[PDB]
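The basis for the numbers below is simple: all heavy atoms, side chains too, and nothing from hydrogens, waters or symmetry mates. Here, residue 1 is the first one in the sequence, and each next residue gets the next number.
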Amino acid sequence: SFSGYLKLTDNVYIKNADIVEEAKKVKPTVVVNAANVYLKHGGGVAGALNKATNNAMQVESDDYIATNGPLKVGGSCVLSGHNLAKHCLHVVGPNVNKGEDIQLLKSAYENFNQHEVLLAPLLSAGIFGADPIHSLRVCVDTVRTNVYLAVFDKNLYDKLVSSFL
């Protein structure tokens, strides 16, 4: 199971880790992807998860978009986890660098409540432009299921833990 996590609340845990490496080690039931509405996994967490699947995540995602159209900001879809997990929950957090409504971050985290346990990144953090401290607060105040957060950046992980109210 998950090892080396710091417990923040009854249901939220955090670790300084690369989520791709964490997924390959744990092979959790659900890994969360920091997706965009088009499921174009170019950079950040999505690019790293897709590259780990040898682009199979992108091929599956393009077929999903061709059939269903784009996701909504704040929405999600469940696809295969390929070699990383049983399932990948592609969740679209608001991209602040695209002027998307930061209020949609709570709706994005609500998707996690449909899964008993998840390995996830902080939504809208990184290249999505939101404040990761704010993302962690929305996470602990919205998610009720067991969420294991993987924060790639050590300096950000330390800042998140030391500032956690």
Side-chain angles (χ1 to χ4, degrees), residues 1-36 39-61 64 71 74-95 105-128 130-161 164:
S1 68
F2 296 98
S3 81
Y5 283 77
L6 173 72
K7 185 171 178 61
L8 296 177
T9 72
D10 174 65
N11 64 297
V12 181
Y13 294 83
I14 195 164
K15 184 181 177 178
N16 173 32
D18 177 331
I19 196 173
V20 168
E21 292 310 309
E22 199 59 20
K24 292 172 175 181
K25 171 117 225 108
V26 172
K27 291 168 186 165
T29 303
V30 178
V31 66
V32 173
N33 180 32
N36 54 51
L39 300 184
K40 283 306 195 215
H41 312 303
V45 168
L49 291 175
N50 179 57
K51 179 180 176 193
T53 74
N54 185 41
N55 211 51
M57 176 181 286
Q58 189 64 67
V59 167
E60 177 197 29
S61 296
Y64 173 91
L71 278 68
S76 72
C77 71
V78 176
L79 290 176
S80 178
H82 300 275
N83 57 317
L84 301 174
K86 174 166 205 190
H87 298 296
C88 178
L89 180 69
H90 295 273
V91 180
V92 185
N95 188 322
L105 185 53
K106 189 173 183 74
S107 299
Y109 273 113
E110 289 171 342
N111 294 285
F112 287 27
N113 290 322
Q114 299 294 318
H115 299 280
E116 287 184 300
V117 56
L118 315 88
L119 167 59
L122 283 170
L123 299 179
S124 298
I127 72 174
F128 281 58
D131 179 359
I133 296 173
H134 175 60
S135 186
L136 178 56
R137 179 41 53 190
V138 178
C139 180
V140 313
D141 291 347
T142 307
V143 185
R144 297 177 301 282
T145 57
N146 302 314
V147 57
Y148 288 82
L149 296 170
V151 177
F152 180 59
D153 200 272
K154 179 248 193 216
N155 293 318
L156 174 58
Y157 171 82
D158 289 347
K159 181 166 157 58
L160 286 164
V161 172
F164 182 66

For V138, does its backbone N or O pair with a side-chain atom of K106 as donor and acceptor, under 3.5 Å?
-> no
Check whether any side-chain heavy atom of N33 sits under 4.5 Å from a side-chain heavy atom of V45, and report yes or no.
-> yes
Would you check if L84 and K27 make a side-chain contact, meaning some heavy-atom pair closer than 4.5 Å?
-> no
May I ask you to check whether over 12 heavy atoms, not counting those of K7, lie within 6.0 Å of atom NZ?
-> yes
So does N54 have more than 12 non-hydrogen atoms from other groups sitting under 6.0 Å from CG?
-> no
Minimum side-chain heavy-atom gap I14-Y157 below 4.5 Å = yes
Quick one: do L79 and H90 satisfy side chain to side chain contact (heavy atoms under 4.5 Å, CB included)? Show the steps, please.
-> CA-CA 7 Å; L79 290 176; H90 295 273; 3.7 Å; yes
Side-chain donor/acceptor of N111 to backbone N/O of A108, under 3.5 Å = yes
Please state whether the rings of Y148 and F2 are parallel, tilted or perpendicular, taking 30° and 60° as the class boundaries.
-> parallel
Evaluate the side-chain proximity of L49 to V20: yes if any heavy-atom separation is below 4.5 Å, no if none is.
-> yes
For side chain to side chain contact (heavy atoms under 4.5 Å, CB included), just list the numbers for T142 and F112, CA-CA rounded to whole Å, side-chain angles, deciding distance to a tenth of an Å, and then say yes or no.
-> CA-CA 9 Å; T142 307; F112 287 27; over 6 Å; no
Interatomic spacing from CD in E22 to NZ in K15 - rounded to 0.5 Å = 3.5 Å
What do you reckon, is CD of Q114 surrounded by more than 12 foreign heavy atoms closer than 6.0 Å?
-> no
Indicate the atoms forming the closest heavy-atom contact of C77 with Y64, along with that distance.
-> CB-OH, 3.6 Å
Between the main-chain N or O of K86 and the side-chain N or O of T29, is there a donor-acceptor pair closer than 3.5 Å?
-> no
Kindly indicate, with the supporting measurements, whether the criterion side chain to side chain contact (heavy atoms under 4.5 Å, CB included) is fulfilled by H82 and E60.
-> CA-CA 10 Å; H82 300 275; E60 177 197 29; 2.7 Å; yes
One should read off an interatomic distance between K24 NZ and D18 CG, to the nearest 0.5 angstrom, of 8.0 Å
Could you walk me through whether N55 and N50 pass the side chain to side chain contact (heavy atoms under 4.5 Å, CB included) test, one step at a time?
-> CA-CA 5 Å; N55 211 51; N50 179 57; 2.8 Å; yes
Do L160 and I133 come within less than 4.5 Å of each other through their side chains, counting heavy atoms only?
-> yes
Provide the closest heavy-atom pair for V12 versus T9 in the form atom of the first, atom of the second, distance.
-> N-OG1, 3.1 Å
Side-chain touch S135/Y109, heavy atoms, less than 4.5 angstrom = yes
NE2 on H134 to OG on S124, rounded to 0.5 Å | 8.5 Å
Over all heavy atoms of both residues, which pair between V117 and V30 is shortest? Give the atoms and the distance, please.
-> O-CB, 3.9 Å
Side-chain contact, heavy-atom cut-off 4.5 Å: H115 with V78?
-> yes
So OH of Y5 and CG of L149: to nearest 0.5 Å the spacing works out to 8.0 Å
Judged by atom type as modelled, is there a donor-acceptor pair below 3.5 Å linking the side chain of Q58 to the main-chain atoms of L39?
-> yes
Residues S80 and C88: closest non-hydrogen pair is O-CB, 3.4 Å
Taking every non-hydrogen atom, the tightest pair across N113 and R144 = OD1-N, 2.7 Å
Taking all heavy atoms of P28 and all of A23, pick out the closest pair and write down the distance.
-> CD-O, 3.7 Å
Could you tell me whether a side-chain N or O of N11 sits under 3.5 Å from a main-chain N or O of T145, the two making a donor and an acceptor?
-> yes
